[PDB]
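Convention: sequence-line order gives letters A, B, ...; per-chain numbering from 1. Counting convention: from 1, in listed order, for ligands and their atoms alike.
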There are 2 protein chains.
Amino acid sequence: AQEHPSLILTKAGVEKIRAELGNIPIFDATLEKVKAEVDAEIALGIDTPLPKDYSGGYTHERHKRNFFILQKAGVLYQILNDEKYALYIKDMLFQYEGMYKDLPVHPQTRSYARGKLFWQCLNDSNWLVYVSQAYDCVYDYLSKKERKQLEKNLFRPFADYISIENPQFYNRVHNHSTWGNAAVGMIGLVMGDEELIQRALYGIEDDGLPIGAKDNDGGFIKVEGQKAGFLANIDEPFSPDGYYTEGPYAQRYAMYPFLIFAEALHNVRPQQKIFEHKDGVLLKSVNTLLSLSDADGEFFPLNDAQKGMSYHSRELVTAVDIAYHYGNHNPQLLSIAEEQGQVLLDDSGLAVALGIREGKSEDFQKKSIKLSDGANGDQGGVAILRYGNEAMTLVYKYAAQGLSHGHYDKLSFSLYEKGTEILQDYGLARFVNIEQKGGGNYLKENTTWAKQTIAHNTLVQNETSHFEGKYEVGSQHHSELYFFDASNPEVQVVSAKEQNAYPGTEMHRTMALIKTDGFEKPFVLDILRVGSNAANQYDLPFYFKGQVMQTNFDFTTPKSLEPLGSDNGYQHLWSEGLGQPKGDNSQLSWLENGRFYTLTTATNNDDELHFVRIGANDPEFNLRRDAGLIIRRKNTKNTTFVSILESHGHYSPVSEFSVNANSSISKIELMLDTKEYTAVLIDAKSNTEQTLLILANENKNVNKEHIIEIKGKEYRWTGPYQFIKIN
Amino acid sequence: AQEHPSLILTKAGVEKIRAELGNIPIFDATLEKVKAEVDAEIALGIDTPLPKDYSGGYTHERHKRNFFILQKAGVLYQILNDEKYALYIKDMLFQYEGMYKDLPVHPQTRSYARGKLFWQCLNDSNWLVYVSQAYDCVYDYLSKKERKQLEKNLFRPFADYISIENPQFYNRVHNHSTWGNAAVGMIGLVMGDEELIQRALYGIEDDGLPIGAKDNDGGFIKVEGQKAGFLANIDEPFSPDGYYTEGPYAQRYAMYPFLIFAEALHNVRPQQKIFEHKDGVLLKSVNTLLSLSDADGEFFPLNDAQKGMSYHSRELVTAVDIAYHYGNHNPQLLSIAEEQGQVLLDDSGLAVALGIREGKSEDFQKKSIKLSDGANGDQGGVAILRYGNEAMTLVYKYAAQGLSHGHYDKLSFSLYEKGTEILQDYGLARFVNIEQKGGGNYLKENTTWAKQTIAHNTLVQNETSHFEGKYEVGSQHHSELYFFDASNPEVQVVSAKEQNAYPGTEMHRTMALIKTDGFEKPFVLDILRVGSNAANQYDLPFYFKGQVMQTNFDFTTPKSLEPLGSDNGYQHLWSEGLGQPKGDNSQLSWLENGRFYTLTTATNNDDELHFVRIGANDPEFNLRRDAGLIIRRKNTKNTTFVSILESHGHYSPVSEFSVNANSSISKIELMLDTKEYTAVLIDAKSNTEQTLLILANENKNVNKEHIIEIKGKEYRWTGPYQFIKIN
Ligand SMILES: O=C(O)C1=C[C@H](O)[C@H](O)[C@H](O[C@H]2[C@H](O)[C@H](O)[C@@H](O)O[C@@H]2C(=O)O)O1
Ligand SMILES: O=C(O)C1=C[C@H](O)[C@H](O)[C@H](O[C@H]2[C@H](O)[C@H](O)[C@@H](O)O[C@@H]2C(=O)O)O1
Ligand SMILES: [Ca+2]
Ligand SMILES: [Ca+2]
Ligand SMILES: [Mg+2]
Ligand SMILES: [Mg+2]
Ligand SMILES: [Mg+2]
Ligand SMILES: [Mg+2]
């Protein structure tokens, strides 16, 4: 009784596509491009080489390309009704059938779960997700005898290999296991194998895995009390805001198996109600992911993330189209599809094409947003403050650990202006799929640099990373939201605390995005309040992008560059210059992509200002030679850092005009600096312009009245903060 | 008798413009933008502050902005027939008249010719060129009494100040003097003052200047026996190919006064035949300058050049429109005008707009080109070799000294792919008009780093710059063309020699851009043959752009960074790693803007391979932290460096696919290495792909027969080289 195809491309979908071909431009353009790709591969023949290589290498790239081409051939067969596509799928499947059973585990030994076609089970699982879709498309074209042999000798052994033979890969809450569960589930659905479908949804019972078993990136395989399978992978790593705990680079990857397998489940097993699971989180998570991109569509590089990954990727084409068709037809998704310029060649892609043709498209709104972390939304979060039409974007990370790929960077932030990074989060130390760089895999410096606290724009105590850079400790902890208030577009404030990163120390960081009179643009205000039980060394880095223009302090230029320290990331920084503050406010200004920036920070006379450059202890040139300025405050117990980051003016090498190149800050001053209250006065060099930010530190309640005095003057307000103009 | 205006905007021009307004989109759009700009400044008022500042500072930027706005107000007055513009010009001129006479020499003392309005006479001259045009536009609106006072108390004294009172500025063959000559000449022509007109054309008679005195940038003020004035500035620093000896950044700046003053001379003194002068060189030089830009229209950064200067600049808007109107109406110039998206608000800009409306536009062809240097084309040259549609561009500099801004860089090259710099020429050390960077003026490191040989991709002998970095030596010498042959678009070759850079050493460098079977793209072949009479240390830098991917040799990574040397630029390089070749060919690959590149060079086992990084002894962060690889060959007399630079493959962080990431070179071998003949064998990996280049070094005659033997086999050809496929 089951029709084929039916999981993703459906028979009713084929009919409708055919009726519309020639009058759906984005679809017609995709079809033509895909037809040319597949026809090219058909001319080259069928190559199924004996495994051997890591990423970037021939056997990896060939087997990878085969999976993409098979899924494309399948939809081409159905849409065009042209058997050359089916014959190619059939021949290729049988060539795999003739080699796969005789293969020995991948000869490369790095993976905690060595694959057969690829170095790791993750890529074997990618292959099966894509190939299942091809099989659904040729299932009726094949004879019963042919299906029986493929299922017995190719598909069933393959599905076992990436599941019951490698439970350490398959049975976790992790993007790996989501790929594995989907692979097993997609082929199960095509075949009507109820055992495999149950294994996909619920995992393996009694896996026998030992205590403390880890993956290659330092993460635990299993967590006590945690379920396995697809449904557990929806329930645990997504918050109620649709925020995926590994961060957006990983979320981007995981959306393919999440949304493909959900779509398949919706079409074949509607009683599962997969698109309702956890209050509709999968569909919601698509809007959330799109909001975690800068003005160019590039995902913010939180935790292990390669820069340049964006919503133009194949996973976001898939996610946008599926969310459009199976969700409530959000017309904002249509504008993303138009930017992508392609669609899936299936029912969901057609629906997007027709939505565009009918003039339904609306601009995707990028707004200030609060995202909770943890399954129940109580394990910290991430906040994005935006000004104007994405004119300025502040990303503040007060999240949980983030699994194996997570960084030791409680309360870090990064800053963007219209697609240009100004203060960065480093991302990963890996050149993804570039064979010549460690087989395209994680490099040693991902651990030694990238993940360490000193690499991030946040507080480092005693040259030690948050939670001593120990996964097993960090994974128990998260920062805590104090408050989020972005209702006033001119004055948006978020605040969070962290008391476990350094036991005996409390960090309370408040960030604001503020437009006020005297300034050409909004500025970022950063208040980092530190309470401790002992005198420590505190470092606060700012990793800035651009060319240094000016400072209001002197600094030394050493004749030779030495590393800043010996451990925990400090071995990777060259000491490029050492300054002493001239007064209460120190300034550093730079030029990046035609715009000037100024960092102003409240300094004491014993502060050290360290110019740094990344690149020490990097024998393979695995790290970028980016710079930073670190404020070091020695022998200090309780302290409050106060900083402003301004954007002003411009420079063009065409006109040779430099405009508004100086700061407009006259003075920043702490007026009150106690446990209960923090008050910062901001004086704008614009003649007469003064503002006062007051924070109540010990009670967040929006209806709580506060009464303080500053120089004999009473200030009275309700709620955790006030911003006032001083006249 | 003389009409006003008539120099640049003419009265028949004004009538034709008014008849066409509203049906000439590029002109209509420009008029609207300029109207809004001038109307804004009129609302702000008239400010003529007491001069104090360097470039980027308030008084410099305000007086500069006034000159641009006055010239815009003048054409607006005429075109729109609206006396608001004329009244603004009058009021501003009278405000200048009230202050100028009482002003003392600019108080900044860092110009060899301090101005009055500005720190230097160069900028006073800019002001007068622009204001002259405005005066022409309001001449009839003013009363005779008003003109008399302006002329007596502002214009005549101004013109004298920048000329007869500062002959050291005014009477040279130099871009400065071209601006000074045009300033005096433009105001002379508006006024009908024969004295000033002659002074402009023919210079100051008996100037009394010392021969051997220097300007602040280290070049000679005056050359014995050399004429002065506008005509001398056309005859002397332009070659017969329209190449301006100072290089394209400076040529760009000089075109404004050259073409503006030439246009005024054409309209007011047609008997001068200015557009025929030196065989039409001024019109020709516009094409030449456009040919000295990369695929994005950015000028190659030869000699003192700021990167990002482009044909979108105000000077090239001006040059393009004038050359179109007064030259032979070359329709290729119309495509540049379309990219610029604006035109001059005058007769020439009208002619461009009409050319575009009538569909005359044709694409500007960027070709391989040989440019001679020196007034008679015998003082070396510059070669540009291009492949395909600016797919790859090699720039080879074998020029004369280049006057004061020239670099010690005989036979250096740079390499570009579709607007991306792959191997660079550093350009200047100066942040043009950015006050915070030493007043926007040349920095100390422009002499200590930028101009030195070690900063360039060319031979350095015994850690010493060409000509010992002395202007008085280098200014007497030039490299010599051996041959240029670009007729075969697959195999283009240029060769030059230099024997005075290091007395007792001969450098013979041959560069080729070669497309052959077995390579996806054209490659650069570089043969640097060196003959000497002592054993020396030879250094060969390659300043590459991008992320290091791979080497075929081991290298050390020191625990601290030390400077590479003590003098002549080596004090600005950190030694970042030291390698020794493993074989006959050493390889370095990198990734830049999505593409891979491989440098392969013939090494002896005693060679040292130095990774370097610019930035030592740079206390104010005036230098970029770019990298290089230096080949160092010690204790060597005669040697030949052979290198290939390939472009291959692609990387995308969206798809995460790395394609064709390895070199296709199997080997390069020197088959013959004598004074008379050089032969280089290139084997591609494809196997069956082998090529041989043979150079005859002591006879360039295209009809001379050569017979040689290599490995027992006879090779016979005519002319200075042969490139043959070995079968
Ligand atoms: O194709 C891939 O192997 C791949 C693509 C994703 O974009 C992402 O880079 C993913 O990283 C893996 C990695 O290959 C290892 O399996 C391990 O470190 O886990 C990573 C992950 O969890 O995403 O790999
Ligand atoms: O506005 C300028 O001062 C200016 C514009 C040109 O683009 C170019 O940069 C030029 O440089 C001058 C410099 O200001 C000094 O006058 C001296 O060093 O000479 C340079 C030159 O001849 O170009 O300045
Ligand atoms: Ca990070
Ligand atoms: Ca140079
Ligand atoms: Mg998961
Ligand atoms: Mg942004
Ligand atoms: Mg001035
Ligand atoms: Mg470029």
Donor on one side chain, acceptor on other, B/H63 and B/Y96, under 3.5 Å: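 Indeed, the side chains of B/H63 and B/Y96 share at least one donor-acceptor pair under 3.5 Å.
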Side-chain H-bond candidate by donor/acceptor type, B/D425 with B/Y543, under 3.5 Å: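 Side-chain D/A pair, B/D425 to B/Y543: absent.
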The Ca ion (ligand 4) to nearest N/O/S of B/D304 below 3.0 Å: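 No - counting backbone and side chain alike, B/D304 has no N, O or S atom under 3.0 Å.
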Stacked cation flag B/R65 on A/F657, 6.0 angstrom / 45 deg: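 Yes, cation above the ring, under 6.0 Å and within 45°.
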Heavy atoms from other residues, nucleotides or ligands near NZ of B/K101 exceed 12 (cutoff 6.0 Å):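 Yes, the 6.0 Å shell around NZ holds more than 12 heavy atoms from other groups.
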Atom of B/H407 closest to the Ca ion (ligand 4), considering N, O or S atoms: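 So the atom name we want here is ND1.
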Opening angle between OD1 in B/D425 and NE2 in B/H456, taken at the Ca ion (ligand 4), to 10 degrees: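 Angle OD1(B/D425)-the Ca ion (ligand 4)-NE2(B/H456): 90°, rounded to 10°.
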